[PDB]
Every structure is written in C-alpha cells, then in structure tokens.
C-alpha cells in the first residue's frame, strides 16, 4: 500500500497487510484455523488452566490497548497515545486465571457463559525467524450472565505463535487495538 496516497492507512496497518499478501500457504491457514478454534473452545468452556498450558508460551506478551481519540490532522501533541487494558506476561496471565478460578470470586456465581466466533484467519511465517508464525484473526466474543446481562466484544487480533514444549505451537504475542474507545460492556474482563 502507498500510505501517501491511501491517506487513512497507518504505517503499521500497511506493514501487516504486506506480510499476508506475500506468500500464501493454504496449509498454514488451515493449521492456524485449527489452532485458534481449539484456543477459543478452551476459553469458551472456561478451561483457563488448559488454555495456559496448551496455548500460551512462557515468553508471551498479551496486550490490548485503548487509543486516545486524536485529530486526523494532529501533528504536534505527542503524549502517550494509548493505555494498556492488558499488557501481561505469563505470570500476570496466571494471576488473572487464578482470580477466575478462586471460589470466592463472587461474580462467577452463577457461572458465566461464553461463546466466541473466530473469523478472517490469515497466517504467514516470519521472513527472518523461520519458526515464528504470524496469525491474524477477528473475534466476536459473547458473554452472558445473571439472567439478562449480555456483552458483545469485537476485535482484530495480531498474533505471533511459535512451537514450544512438545512441539506444540503456542501464543507468544497477541496485540489488539480495541476498536471502541468507551466500553459499553461493563468491563473488558474477557480474554480476547
């Protein structure tokens, strides 16, 4: 993409496009699809420990940002552009998982209901690290609780996955730039 001509496109977004247009491997896309479907299934049934063990690498960065609304023409104001809703290493994810499983987590009774819809999967091996798989996918995440509370989350995920213990591919980075600035879902206490 030429971002001087395509005026609305960020440098970051143009870089990510290039990665997938480049060298399509259908088998990789299918592997990525399996990986993500299985991850979503574990999360949906609230098998959080299994998710950590089977899907999350020890060196993970799990990050979801919220970007401040700024003028499209803005070029002077230069302070922190975003905050981290999540910016978790493995130990921090574990803390969150223990919080979910704690029997005195009162908000988890009656049990929550999650349903995830994963779409638009693309996969490409890193050019310079032959063992690093880039996977892009979008998620709709539906959380229902307490009779009439329903929250629906929408996001694009930029992941890096790499083979770990036992040759199992595990998530080593997830980056989400959350599209809604003001959350209308009570909180963002879901693993996107």
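Positions refer to the first chain, counted from 1.
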Once average C-alpha B-factors are taken from the entry for 171-179 and 8-16, the winner is 8-16
Entry B factor averaged over C-alpha atoms, 120-128 against 142-150: higher for 120-128
Top Cα B-factor in this entry, restricted to 162, 67, 136, 49, sits on 162
Note to self: of 35, 27, 156, 45, the C-alpha temperature factor tops out at 27
Quick tally, chain-level thirds of C-alpha B-factors: residue 92 sits in the middle
Among the modelled residues of its chain, the C-alpha B-factor of residue 101 falls in the third labelled middle
Residue 85: CA temperature factor from the record, placed by chain third, in the lowest
Here the Cα B-factor of residue 109, set against its chain, lands in the third termed middle
